[PDB]
Amino acid sequence: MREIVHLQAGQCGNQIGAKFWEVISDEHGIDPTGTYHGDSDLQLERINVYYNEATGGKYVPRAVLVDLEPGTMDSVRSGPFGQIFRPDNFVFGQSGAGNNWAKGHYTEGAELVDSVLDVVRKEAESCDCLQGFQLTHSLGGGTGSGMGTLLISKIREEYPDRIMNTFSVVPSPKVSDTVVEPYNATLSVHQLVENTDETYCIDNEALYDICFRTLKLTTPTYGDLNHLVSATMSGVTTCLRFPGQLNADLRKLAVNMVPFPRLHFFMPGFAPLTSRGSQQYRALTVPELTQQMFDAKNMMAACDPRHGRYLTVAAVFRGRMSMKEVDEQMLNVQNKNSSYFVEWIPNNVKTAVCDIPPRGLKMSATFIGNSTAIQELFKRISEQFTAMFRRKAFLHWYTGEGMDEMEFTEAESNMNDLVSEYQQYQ
Amino acid sequence: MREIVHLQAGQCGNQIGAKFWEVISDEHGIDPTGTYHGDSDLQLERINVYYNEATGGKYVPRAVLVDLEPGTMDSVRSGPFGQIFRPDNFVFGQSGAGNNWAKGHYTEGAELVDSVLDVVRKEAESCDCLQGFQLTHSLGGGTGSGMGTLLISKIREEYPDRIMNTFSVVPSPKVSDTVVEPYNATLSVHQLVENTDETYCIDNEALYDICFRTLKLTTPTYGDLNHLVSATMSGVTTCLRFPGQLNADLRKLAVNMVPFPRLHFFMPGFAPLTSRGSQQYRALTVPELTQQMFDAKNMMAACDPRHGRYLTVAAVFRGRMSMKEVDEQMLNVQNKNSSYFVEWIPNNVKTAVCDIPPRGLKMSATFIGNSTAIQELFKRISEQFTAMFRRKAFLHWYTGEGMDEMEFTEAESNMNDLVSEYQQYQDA
Amino acid sequence: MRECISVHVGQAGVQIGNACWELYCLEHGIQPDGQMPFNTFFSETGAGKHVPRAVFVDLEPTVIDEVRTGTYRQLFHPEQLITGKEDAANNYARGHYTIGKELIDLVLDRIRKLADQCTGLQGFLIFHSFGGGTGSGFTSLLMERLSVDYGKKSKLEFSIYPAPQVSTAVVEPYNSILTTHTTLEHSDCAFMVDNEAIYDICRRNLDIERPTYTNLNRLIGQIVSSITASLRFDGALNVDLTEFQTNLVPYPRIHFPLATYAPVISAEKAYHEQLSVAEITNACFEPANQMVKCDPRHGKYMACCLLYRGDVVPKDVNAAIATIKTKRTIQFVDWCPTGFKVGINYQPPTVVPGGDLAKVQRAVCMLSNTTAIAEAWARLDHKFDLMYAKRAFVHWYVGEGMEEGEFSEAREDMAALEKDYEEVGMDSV
Amino acid sequence: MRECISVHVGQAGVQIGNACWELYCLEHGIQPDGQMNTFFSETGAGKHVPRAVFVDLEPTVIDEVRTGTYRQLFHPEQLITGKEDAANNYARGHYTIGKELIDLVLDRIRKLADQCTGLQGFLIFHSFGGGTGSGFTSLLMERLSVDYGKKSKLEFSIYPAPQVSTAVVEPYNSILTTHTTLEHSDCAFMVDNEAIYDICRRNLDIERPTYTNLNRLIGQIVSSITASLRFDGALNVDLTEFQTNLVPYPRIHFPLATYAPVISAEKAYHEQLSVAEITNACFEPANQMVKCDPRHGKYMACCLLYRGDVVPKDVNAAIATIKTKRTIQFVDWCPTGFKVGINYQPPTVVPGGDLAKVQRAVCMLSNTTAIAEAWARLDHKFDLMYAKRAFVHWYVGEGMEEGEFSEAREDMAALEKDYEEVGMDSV
Ligand SMILES: Nc1nc2c(ncn2[C@@H]2O[C@H](COP(=O)(O)OP(=O)(O)OP(=O)(O)O)[C@@H](O)[C@H]2O)c(=O)[nH]1
Ligand SMILES: Nc1nc2c(ncn2[C@@H]2O[C@H](COP(=O)(O)OP(=O)(O)OP(=O)(O)O)[C@@H](O)[C@H]2O)c(=O)[nH]1
Ligand SMILES: Nc1nc2c(ncn2[C@@H]2O[C@H](COP(=O)(O)OP(=O)(O)O)[C@@H](O)[C@H]2O)c(=O)[nH]1
Ligand SMILES: Nc1nc2c(ncn2[C@@H]2O[C@H](COP(=O)(O)OP(=O)(O)O)[C@@H](O)[C@H]2O)c(=O)[nH]1
Ligand SMILES: [Mg+2]
Ligand SMILES: [Mg+2]
């Protein structure tokens, strides 16, 4: 019953503010006018994680969203679920960075960071139950990555209590969505270093490598991607909203997942990924789906497995399920493939149980692949900021908005600390 | 039973009275023709506070309405209401004040005063015991400022124990109307800090900013702004009109406010002011959203608490409420924000609860605040009084009217004495 | 027979007088129009109508007026509801000097009307609050006129104490020290029941969220029946007003006991619990279930006075109080060997409809004087000292008769009383 | 008529509580409003209100119990949840609660203990999994030690099965879980869950077993452990004759127990049962409750409780023959040192239990040295881990320092010295 405020920022941030808020607005039965439509009465008591009362029993989410220009916040407003968000908390930007990092960081969003802290102190006032803000950004953006970092700045410097679950989209470097996206990536992978707690790597090819290779969709969409960008992967947050055998919660979850306070990188799979032509031939059980996660095809993040160490593992499961074959088949693949598995870790998981299955799914085994061994794709990004550093691609743009050359050379000697923190386990 | 006699002053004074005598005439259920119309007997039992029974069961208000130009005064006679006023209680000059304080204090308006004070005794001798008078005016022009000070200092002598309220309209720089605006409102604070028991500060810049950003209207004309904002804070005296659990009338609330007898300047505000659209989505509990007003988007004056310290705070509520959630919500607001309050008072808030909400609302609340951040308004109107008086800019409409040059240097030091008293208790 | 007279002042008297004369009519057979189908408190007419002996004096006319038009129009004799014109406006000075002395002679003429009827009178019960003006100004002027005109009778009085944390006014510390000092020499036994601690019992014990103005009064209104169930009914050890007046206060500068009512449980929490005569003596000395925010773990119990109601037996009463005194989980006195006072009565409390206190066969009222009331005054010593350091709010008070030395000559009397709680708390050799 | 208070903490504890209070409320006539011997007191209305120290931190712990069938059976003030959460580890579970949940219930323990007649012991169920089952026991046990005296507090446990172990990360919890059972020691059973899953596979004919079947069996454990104070007295013994009589020193208090109720209705209602065949099946190695082979150690002193249709002739005949049996490697200092205690109710099951209607049961309870292999396995895993400083931060943030795991390591090395010194001969 413990509150989350689903923070999200950018043109991705207000679009990932559609499909996370489809599956949550389907889980608890949200009508387009707000008043209740669900049947069972366990759905109404736990619902005040997110929403808030009104007159007439209307529920309305408390969520801080940041967007870049007023032309992208509206294309999700005129959708099926845009009538439900009260529109004070869509903050807006006259000018964006256009695939850069700091236009709305120092001087243009200096008024936007002074108005959302008139907003987070206006709807995260009542944090009597709140364990964490799930905070996501988009780091090619300027108002979703400048203000989104100045949401990280003037909150997490005050209060260190929060879990920081990023679906923050790092654009992958094989076919990037922009040439200039490395520059605001190397401040961002650095901005993933200092504060993050439970954290995936979203590289958009690894979502793009799902619909063809696994789900058999000829013509995908970002709005078809967005069921997997967040909406399945907020089946991490389910135990606070639905009970189980071994109940969890994110602050409770946050204290098993952090060995060394920086390293933060995963490789998950929401293990239901089968086509409708491969829905005829799959048994929906808590053994079988997790045993389908283990392949080289099911990841939402980074790495091909056998390419590093398994420094932690995590898990959240669903439904009234079997307690034995969760722990029969997890160790049957832990200690059989003893080549990949690292020697010095016994019991790193936290098997949480969620009673209510995700809607329409018979039994949905879910699993998350924790690691720290994602550095087969995170040294390739950090060797491609230095191309624009030495020849100075846009610094004549960069230095004019209250910026020196000491800010972006800090992120040369301090992004490399995370490279210097796999220094112990190579 | 505890009478109030309403005074108005100026064109701004008569577009507040024509909108204040509309709100209160909806509470007591009175037709525009002046008979009784409501349903509960709780309305009529305290009608002898602002009203007066006429023949045939009519009800007329006790308001002395002034101006120096008859053009304003006709427009009240043909309005939505205004046939309920007695036509004897209308007094008006023949030639205007010239938007000049000196004209409206000495030479042009002092002929009118002996007719205006003469109606006031007639609405005083019919009383039982007056709480005191009430004057609504503006600090812009001569019929509202110069008459407003001459009315107050002629009353406060002869009726001293009965209290006085006033509802000033102080000027603002970024929304300024007259070139003589800093040359009047500096010279009339001097005559207002001496003879007023409780003053307010309701300026037109703040009432524009809450009208485009809270209420989200399109065209805020002066009727659609004065009614929904400043003609409904004057309905804070429902304690003195309706019974409640813990009540506090107009006199009980003055003693918990002024810790030294020269610091009476307040910054009001009304709590449910959502919109036409956001009234659908919010919760009418006792929240802390407009009730922690420190993020000062819904404050009815210009300056705000972030820069200074609150001396004493009010909150007068209206509704069938619970008196636990009044008090624990005076505990999320004195500790989650901590240093904007005076160190040497540990319980700054005076509360009250009554039992009849406004029409169409389950729940309502009124906020009256005193602060040490109000000295930044009084410096800033004395910056544009020092600059213009240095080169003697618009002087000669004042020296020829009986006022000398000595009365400006008094009202500059005494204007800067109030800056000195408030800056003492800035942090201490 | 033996009989007494209730007096109420201000809003805090009328709004609990109208809630404690609620309980008296439902205890007996009196329907609210008076004609029944107890002669200590009520009074017969020649036609079977009954009129209680109560004066509701106040200044602001809009709180007495619900008595004149509510359900209870014809019960109270209308010359016993005394109203003024303008309120005291939160001043001790206005309610003691300027606006009070017009009504000093009317009420002291109405009191003789009730007491001429009285055959042998015992007590005048006062219900005043320390916060406002007519509850502290006119109360102080009333109790120095009652002792002059009515000699040596018992006078009992209550309080609605200014709480430590929460407060409903800014000028509360000025009134409360100015009202104790002038009634320190006239009153006999005052009851401190803080307004904040009744809030928290309504969260933990009797779980009603958002308790309104009525649901504090019905809980206070059950104490006033329990203290005066011995003047109305028959018991094994009935304890009258004078009877526990001397068993409670050791020195005449020390008269401030506390109050505690033992069964306050919801009707969903009256399924599962014994309400045993030893179980509801544990709950009076628990620090959570008291009724003023001052915990007696820091204090020595100067005396206790217990009063029991319902289906009790005088064997298991003495079994429990032995089992109290032995343990050191609960603390006690160092030099008072007897320490206690026990009273028994027969009729169990009667639940007024619409209430929330479930019907319990066995109820206890508790009274005790502690040395832990000093921390509620060394708190109040300094909070008035914040105010009077810079002469805040003094201009309001000085304009109606008080010199500024009467802030100090009432401070120094109050600043010497702290030793009077320290010289008796120290052990003797 | 002898009285006790029980404790069900964590998921393992509360589904054992579903089971254990289900069998209390079926072996007495406890119906869900109160009116139809040894654990409660009545009221003026007069109705079964179970006395109860429970402790639970979570959002939704026993709100399923509150929504469940037995919702007005448990009076709600005695069952404890807060407003905030203790995040789960030994560290955080130890050190953000010691102002919050155990210290306002140190005043609540008032009602639940005094009016019991024979104030005899407490029954605590814990699991070695995580920061609720194991870590919330420690705060509790030092409260019980510092305020109670010499009452018994019997620990029922899950042992982390010697290959698979899943909760919040187990060993750094487990090392101070037994450095907690250092402080207060009466008697502490463990169960390996894997042996339960395999006896469920083979003795019971349960293919694909589930979560339910374990906890009813732990209910039959606590039934035949401490219902001797509850049923008739023929040779009436208590937990006072269980904790004094199993284990001598506070160093080794770790027994194991295979019942006659480990066998199902579909399968072993067929088999003939007698005392000798049951006690033979007890002392056989396959069916043990923790997966340690009993032959690889020294049987210290077997202290028996009895159910079913036993007879003092044949139980003493089986006792004598077992004491003669030398493939049961007995201890050197004495073959004797037993205890027996008697009840007479034959097994007819609770709903949701798969066992039979036979006329008999026997409760094996035995201490052996043969589990030091599994203890050295767990100590091997902990000192395999900690020298790389893995999982430092969220154990050391709230109170469990680096030197405190190392002092815990050397305390437990001295406890393995106690293992070998108890096991091995001396002159
Ligand atoms: N909320 C609430 N407060 C009460 C109630 N009864 C008494 N009070 C208290 O009454 C105290 C002050 O009383 P006032 O309303 O000022 O009346 P007074 O004390 O006689 O002073 P005046 O206002 O001049 O009449 C405050 O401490 C209130 O908390 C009640 O039923 N509900
Ligand atoms: N005997 C038994 N054990 C179970 C059952 N379900 C889960 N467990 C075990 O309980 C162990 C952990 O104890 P829990 O009570 O679940 O965890 P906890 O720390 O007390 O509570 P959390 O902090 O929320 O994890 C795990 O190793 C599970 O294997 C069950 O039905 N029966
Ligand atoms: N993976 C993913 N990426 C998205 C989504 N919506 C927007 N984006 C990405 O956002 C990036 C550009 O968005 P943004 O930086 O906020 O807008 P810009 O300033 O115009 O570049 C592109 O890489 C898009 O692929 C989404 O739902 N999923
Ligand atoms: N509240 C309010 N203020 C007004 C209105 N009309 C004008 N004002 C402002 O209030 C002042 C009114 O000037 P006023 O003294 O009445 O002009 P005068 O009567 O000719 O001296 C001016 O400064 C205006 O900016 C109105 O209808 N309502
Ligand atoms: Mg749990
Ligand atoms: Mg009053």
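Yeah, the Cβs are placed from backbone N, Cα and C, and that goes for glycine too.
Counting residues per DSSP class in helix, strand and coil order gives 0 helix, 2 strand, 2 coil for the motif 'MREI motif' (B:1-4). If you look up Swiss-Prot, you'll see B:1-4 marked as motif 'MREI motif'.
Residues near B:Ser138 (GTP binding site) in space but far in sequence (CB under 8 A, at least 6 apart, same chain), listed by position: B:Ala9, B:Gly10, B:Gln11, B:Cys12, B:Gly13, B:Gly144, B:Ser145, B:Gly148, B:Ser168, B:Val169. The GTP binding site annotation in Swiss-Prot covers B:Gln11, B:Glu69, B:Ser138, B:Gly142, B:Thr143, B:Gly144, B:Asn204, B:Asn226 and is backed by similarity to another entry.
Annotated phosphothreonine per Swiss-Prot: B:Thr55, in sequence order, evidence recorded as similarity to another entry. Taken residue by residue with DSSP, B:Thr55 (phosphothreonine) is part of a helix. Counting only same-chain residues six or more apart in sequence, none has a Cβ lying under 8 angstroms from the Cβ of B:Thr55 (phosphothreonine).
A C-beta separation below 8 Å, combined with a sequence spacing of at least six in one chain, links B:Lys58 (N6-acetyllysine) to B:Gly34, B:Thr35, B:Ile84. Annotation source Swiss-Prot lists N6-acetyllysine at B:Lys58, citing similarity to another entry.
According to Swiss-Prot, the Mg(2+) binding site annotation covers B:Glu69, on the basis of similarity to another entry. DSSP assigns B:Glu69 (GTP binding site) to coil in the three-state reduction, outside any helix or strand.
Annotation comment: Swiss-Prot describes B:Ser172 as phosphoserine, evidence class similarity to another entry. Listed in sequence order, B:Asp203, B:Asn204, B:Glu205, B:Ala206, B:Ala302 are the same-chain residues six or more apart from B:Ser172 (phosphoserine) with CB atoms under 8 A from its CB.
Neighbour list (B:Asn226 (GTP binding site), Cβ cut-off 8 Å, at least 6 residues apart, same chain): B:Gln15, B:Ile16, B:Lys19. A coil conformation is recorded for B:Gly144 (GTP binding site) in the three-state DSSP classification, outside any helix or strand. Mapped onto three states, the DSSP output places B:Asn204 (GTP binding site) in helix. The most densely surrounded of the binding-site residues B:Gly142, B:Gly144, judged by C-beta neighbours within 10 angstroms, is B:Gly144.
With a cut-off of 8 Å between CB atoms and residues at least 6 apart in sequence, the same chain places B:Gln11, B:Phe92, B:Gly93, B:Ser95, B:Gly96, B:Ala97, B:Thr143 near B:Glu69 (GTP binding site), listed in sequence order.
Using a CB-CB cutoff of under 8 Å against chain C, none of the recorded positions from B:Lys58, B:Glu69, B:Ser138, B:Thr143, B:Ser172 qualifies.
Look at the binding-site residues B:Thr143, B:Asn204 and count other Cβ atoms within 10 Å of each Cβ; B:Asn204 has the fewest.
Among the recorded positions B:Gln11, B:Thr55, B:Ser138, B:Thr143, B:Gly144, B:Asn226, residues whose Cβ is positioned under 6 Å from ligand 4 are identified as B:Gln11, B:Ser138, B:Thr143, B:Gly144, B:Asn226. Here the binding residues for GTP are B:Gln11, B:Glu69, B:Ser138, B:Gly142, B:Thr143, B:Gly144, B:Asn204, B:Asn226. Their largest Cα to Cα distance works out to 23 Å. Cβ neighbours within 10 Å of B:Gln11 (GTP binding site), excluding its own Cβ and spanning all shown chains: 21. Under the three-state DSSP scheme, B:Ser172 (phosphoserine) falls in the coil class.
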